[PDB]
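Novice:
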Amino acid sequence: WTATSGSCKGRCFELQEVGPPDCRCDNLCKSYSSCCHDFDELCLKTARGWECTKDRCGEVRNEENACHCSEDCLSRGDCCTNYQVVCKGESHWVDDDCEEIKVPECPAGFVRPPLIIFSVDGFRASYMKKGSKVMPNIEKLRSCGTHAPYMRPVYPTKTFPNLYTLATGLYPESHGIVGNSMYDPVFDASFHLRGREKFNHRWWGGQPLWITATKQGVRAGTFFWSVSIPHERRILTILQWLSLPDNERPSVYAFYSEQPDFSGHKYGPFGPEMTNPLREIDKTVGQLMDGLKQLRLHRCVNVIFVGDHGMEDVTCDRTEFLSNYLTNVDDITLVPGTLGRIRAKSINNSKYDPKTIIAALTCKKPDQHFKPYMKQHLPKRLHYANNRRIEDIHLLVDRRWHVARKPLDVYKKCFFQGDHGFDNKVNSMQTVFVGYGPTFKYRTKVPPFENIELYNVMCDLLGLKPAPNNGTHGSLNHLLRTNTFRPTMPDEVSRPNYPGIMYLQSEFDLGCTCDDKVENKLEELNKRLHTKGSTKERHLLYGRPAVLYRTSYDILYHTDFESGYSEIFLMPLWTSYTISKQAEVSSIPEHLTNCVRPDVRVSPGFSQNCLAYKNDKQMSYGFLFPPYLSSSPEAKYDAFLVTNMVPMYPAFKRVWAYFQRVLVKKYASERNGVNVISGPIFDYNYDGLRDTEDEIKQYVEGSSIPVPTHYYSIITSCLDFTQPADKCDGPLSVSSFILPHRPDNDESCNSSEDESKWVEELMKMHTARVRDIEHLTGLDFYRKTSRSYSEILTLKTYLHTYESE
Ligand SMILES: *[C@@H]1O[C@H](CO)[C@@H](O[C@@H]2O[C@H](CO)[C@@H](O[C@@H]3O[C@H](CO[C@H]4O[C@H](CO)[C@@H](O)[C@H](O[C@H]5O[C@H](CO)[C@@H](O)[C@H](O)[C@@H]5O[C@H]5O[C@H](CO)[C@@H](O)[C@H](O)[C@@H]5O)[C@@H]4O)[C@@H](O)[C@H](O[C@H]4O[C@H](CO)[C@@H](O)[C@H](O)[C@@H]4O[C@H]4O[C@H](CO)[C@@H](O)[C@H](O)[C@@H]4O)[C@@H]3O)[C@H](O)[C@H]2NC(C)=O)[C@H](O)[C@H]1NC(C)=O
Ligand SMILES: COCC(=O)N1CCC(c2ccc3ncn(CC(=O)N(C)Cc4ccc(C#N)c(Cl)c4)c(=O)c3c2)CC1
Ligand SMILES: [Ca+2]
Ligand SMILES: [Ca+2]
Ligand code: NA
Ligand code: NA
Ligand SMILES: [Zn+2]
């Protein structure tokens, strides 16, 4: 109930929202149908349009007009945005030369440069180049300020998850807005873009920028807008708030545009109809910049021009139907479209089996345009599992395609030609970032980066301490002229032990055998030096990783590799080795096929054992440092130490052996040497964070050997590939992966073929950031380099995407 019989007189676009049953006058009242009776009349004036003309100059004020051209308008803060241009001989902002903003040039009373965030829905990254001839204002912001060639959205690449990620610096799994459409099984409620349900605060987690600012005494309202408020009126409202008294005026502002997304869904990303919406958005930026220039704020404010996601070509006829795969299609509920999410129709149904649904959807048609996953099996880079609103069954849909339950869902609603929501590494889903103002750099291009990083930067821009979030604070310092945050390396929590030779062979009863008894002071001191760390500078190029939790571990040195060996998990946490361009690949000798050797530095009680692998009919083993890459037949014995062994399913060993025997050498050839760090990951509760010992759900049968959920590698070389990896003087280049440790290769439809036809494709799908591995391991990498810490943080957030240009 609303008593709509109050008034908006003197209250138009008020900042403090007033509580029902009293009527409202704020920018959201229309969405709630709760505006006062006279809101349209007083707050949504339209008379005489949005622009001054020559005949209107110095007019007598008429309060009915949409905006004003009278002499008093500048002091009232309510001129039309072109007033100085038409009536005072001023130039439009876009026609002015660009001039470096070295210091903020603000009116008296401004405590700090305001921040204006201009967000555009569906603004695909390539629009910046392809539409540049029709977007002169946007082109000036881009060429004069700081810009990236593209910005990576979060998955799913939908509106509400991405806009709220921009506001919070959190993954959708953490902020709770996991789709444009969501069902919560605990609320027994569905969230849609259309409807009142989305108004309930129970959906919205984390701490958005407006709340962060308000808590710290910086004034800021929410970033939402009612759709029916026209763009010209949103801009005039922002400019009027900027003319408020010092004690009343906000420091952060948000404009939102529904375009170009709206027309993109109808016409496709590059439909001829798309030129006009891009023109109209550019005109709106022009209105803002002209308005700022009138108020002498155009060299004071920091402006961020930012998109939520791009747009792909998608039509009705490119739809896969679940009724073509399943027979029981009426026992499921599907969230459809550019992603699929599947749950049971009824919770009273104990005859609902996710296993049988997955099997009936796996590699069933040769051209199949989607792939089913249990959520914990999705690529870890998506960070899309740790929330009750994310269904156990997920469908990853090919770009350009849709999934639907039954044909009747599609014709009983071709309409549309565009859509979005696909994997966030897809080129068509990439969006835009431009920063312009005193605090951003001048005429500067930055590498592509993830939208999760922006919350920290906006906090820096406003002098705020960020709430805990998923950005890496310092990784975007290169965007800023000043206000840089000074990041520092986390302190190491556990110091390693360095064990010497402490155990005789006969103390071990591991059930292992090796043909190694086949037997010089020249070469005995030599190998003693190797065991002491003489080759360590070759194989550990960036220092040892720091362990950021409490644990018991040993450093083990060898000719060809170094490791950090966990006495708790009975295997390395990390294994580090360098392979030059000139390195040679060899075989495992016949006599060494089943060789496993006790390590006389490590107790029998803290070792794995061969008998457990013999008894476990499902589980086999592999090695972290590959025997194929030994530097000599004598060094090869080190690779068969029990302390280099890890548990591996035979299906996974096909993947791992191909990576070790073929791909490491190929990368060494291409990149002029590589340094590799490899290791296990345990994430049984799919939270993206390292498991404690008591979270492990699976062991090698009848032992205390824990089974990893994933295996990682981090592959580093010189950015200047004319220098070898082990003698690099400048910036680094990295690619990394987090491969799921699965007992089948059901994910790869071509797995019955030779590894050369499917393994590398799998690895590409499971590409990762160094920072993702750090979360999953409690390790901190690149501790000892010649590079600045901010640069290393940028390197740790890099993702190698394997898309074209
Ligand atoms: C990305 O960045 C984010 C942000 O930094 C990282 O997420 C953080 O992870 C922390 C570790 O998991 C976690 O800290 C825990 O917080 C518990 C208190 O939780 C509430 O308070 C916070 C702070 O105000 C709030 O933000 C939380 O909000 C969540 O929940 C509501 C719904 O209730 C949502 O609206 C919101 O979207 C958000 O949901 C997300 O998080 C929850 C987990 O909290 C998930 O379940 C959701 O699916 C969703 O992802 C909460 O309202 C606190 O209780 C924890 O402490 C326990 O654990 C320690 C172990 O050290 C133990 O010593 C304590 O005793 C304690 O145990 C008690 O609780 C147990 C569980 O019920 C119980 O078994 C015991 O008996 C004890 O009573 C813990 O400190 C933090 O909340 C989140 N924050 C957010 C915002 O998500 C994220 O990890 C990053 N991702 C990556 C990959 O790096
Ligand atoms: C976290 O706080 C939640 C909260 O304050 N509320 C819950 C939500 C509640 C509410 C009330 C009325 C509304 N009217 C229109 N739209 C559309 C709308 O603005 N865009 C499409 C643009 C937009 C801009 C910023 C963000 C962010 N970030 C997002 Cl996601 C969307 C609402 O989304 C909307 C939301 C307002 C109260
Ligand atoms: Ca959108
Ligand atoms: Ca975990
Ligand atoms: Na076995
Ligand atoms: Na297969
Ligand atoms: Zn859309």
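Letter by letter, the sequence shown follows residues 51 to 463, 468 to 573, 576 to 861 of the entry's author numbering.
Backbone N, C-alpha and C define an ideal beta-carbon position, used for all residues, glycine too.
Check each candidate in 657, 596, 850 and 303 and name the one with the smallest Cα separation from residue 584.
Specialist: By alpha-carbon distance to residue 584, the top candidate from 657, 596, 850 and 303 is 657.
Novice: Suppose only complete runs of 4+ residues qualify. What are the alpha helix (DSSP H) ranges in the stretch 90–135, listed by chain order?
Specialist: 123–126
Novice: For ligand 1, I want to know if residue 223 counts as a neighbour, meaning its beta carbon is within less than 7 Å of at least one of the ligand's heavy atoms.
Specialist: Because some heavy atom of ligand 1 lies under 7 Å away, the Cβ of residue 223 counts as near it: yes.
Novice: Is the beta carbon of residue 385 closer than 8 Å to that of residue 643?
Specialist: Not in contact: residue 643 and residue 385 (Cβ atoms no closer than 8 Å).
Novice: Would DSSP call residue 202 helix, strand or coil?
Specialist: strand
Novice: Using beta-carbon positions only, say whether residue 285 and residue 310 come within less than 8 Å of one another.
Specialist: no
Novice: Any idea what DSSP makes of residue 630, helix, strand or coil?
Specialist: strand
Novice: Just mark residue 359 as buried or exposed, buried being the case when its beta carbon has 16 or more other beta carbons within 10 Å.
Specialist: With 16 or more other Cβ atoms within 10 Å, it is buried.
Novice: Hey, residue 851 and residue 790 are a contact pair by Cβ (cut 8 Å); roughly how many whole angstroms apart?
Specialist: 6 Å
Novice: Any idea if residue 467 is buried or exposed, counting beta-carbon neighbours within 10 angstroms, 16 or more meaning buried?
Specialist: Since the numbering of the chain jumps from 463 to 468, residue 467 cannot be located in this structure.
Novice: Decide if residue 91 is buried, meaning its Cβ has at least 16 other Cβ atoms within 10 Å, or exposed.
Specialist: exposed
Novice: Here's the rule I'm using: 16 or more other beta-carbon atoms within 10 Å means buried, otherwise exposed. How should residue 76 be labelled?
Specialist: Under a 10 Å Cβ-count criterion, residue 76 is classified as buried, with 16 or more other Cβ atoms of the shown protein chains found around its own Cβ.
Novice: Could you name the residues whose beta carbon sits closer than 6 Å to any heavy atom belonging to ligand 4, keeping them in chain order?
Specialist: 739, 741, 743, 745 and 747
Novice: Return the chain-ordered list of same chain residues with a C-beta closer than 6 Å to the C-beta of residue 787, the five sequence neighbours on each side being excluded.
Specialist: 775
Novice: Let's test the definition: count the other Cβ atoms within 10 Å of the Cβ of residue 715 and tell me whether it reaches 16, buried, or not, exposed.
Specialist: buried
Novice: Select from 819, 847, 395 and 233 the residue whose C-alpha is nearest the C-alpha of residue 430.
Specialist: That would be 819, whose Cα lies nearest to the Cα of residue 430.
Novice: Starting from residue 720, follow the alpha helix (DSSP H) in both directions and report where the run begins and ends.
Specialist: 720–727
Novice: Hey, would you say residue 696 sits closer than 8 Å to residue 626, going by beta carbons?
Specialist: Their beta carbons are not under 8 Å apart, which means residue 696 does not touch residue 626 by this criterion.
Novice: Can at least three beta-carbon pairs, one atom from the stretch 776–786 and one from the stretch 739–753, be found at a separation below 8 Å?
Specialist: No, the stretch 776–786 does not touch the stretch 739–753.
Novice: Beta carbon of residue 676: closer than 7 Å to some heavy atom of ligand 5?
Specialist: Result yes, Cβ under 7 Å from ligand 5.
Novice: If you draw a straight line from the C-alpha of residue 633 to the C-alpha of residue 582, how long is it?
Specialist: 19 Å
Novice: Can you find at least 3 beta carbon pairs, one from the stretch 474–494 and one from the stretch 321–331, that sit closer than 8 Å?
Specialist: no
Novice: Anything with a beta carbon under 6 Å from a heavy atom of ligand 6 counts; list them all in chain order.
Specialist: Counting only residues whose CB is nearer than 6 Å to a non-hydrogen atom of ligand 6, the list in chain order is 801, 802, 804, 805 and 807.
Novice: Tell me which same chain residues have a C-beta within less than 7 Å of the C-beta of residue 181, skipping the five on either side of it?
Specialist: The answer, listed in chain order, is 328.
Novice: If you measure from each CB to the nearest heavy atom of ligand 3 and keep those under 6 Å, what residues do you get, in chain order?
Specialist: 171, 172, 209, 311, 358 and 359
Novice: Spatial neighbours of residue 132 within its chain, please: C-beta separation below 7 Å, excluding the five flanking residues on both sides.
Specialist: 101, 102 and 340
Novice: Going straight from the alpha carbon of residue 557 to that of residue 825, what length do you get?
Specialist: 40 Å
Novice: Measure the Cβ-Cβ separation of residue 547 and residue 533 and say whether it is below 8 Å.
Specialist: The Cβ atoms of residue 547 and residue 533 lie no closer than 8 Å to each other.
Novice: Would you give the residue range spanned by the alpha helix (DSSP H) that residue 788 belongs to?
Specialist: Per DSSP, residue 788 belongs to no alpha helix (DSSP H); it is in the beta strand (DSSP E), 788–796.
Novice: Closer than 8 Å is the cut-off here; do at least three beta carbon pairs connect the stretch 192–200 with the stretch 221–237?
Specialist: no
Novice: Taking only the alpha-carbon atoms, compute the straight-line gap between residue 765 and residue 797 and give it to the nearest angstrom.
Specialist: Taking the straight line from one Cα to the other gives about 5 Å.
Novice: Report the option in 148, 270, 239 and 179 whose CA atom is closest to the CA atom of residue 66.
Specialist: 270
Novice: Is residue 831 near ligand 7 - that is, is its Cβ less than 7 Å away from at least one heavy atom of it?
Specialist: no
Novice: With DSSP run on the structure shown, which of helix, strand or coil describes residue 363?
Specialist: strand
Novice: Beta carbon of residue 429: closer than 7 Å to some heavy atom of ligand 1?
Specialist: no
Novice: Can you name the residues that DSSP bridges to residue 232?
Specialist: 241
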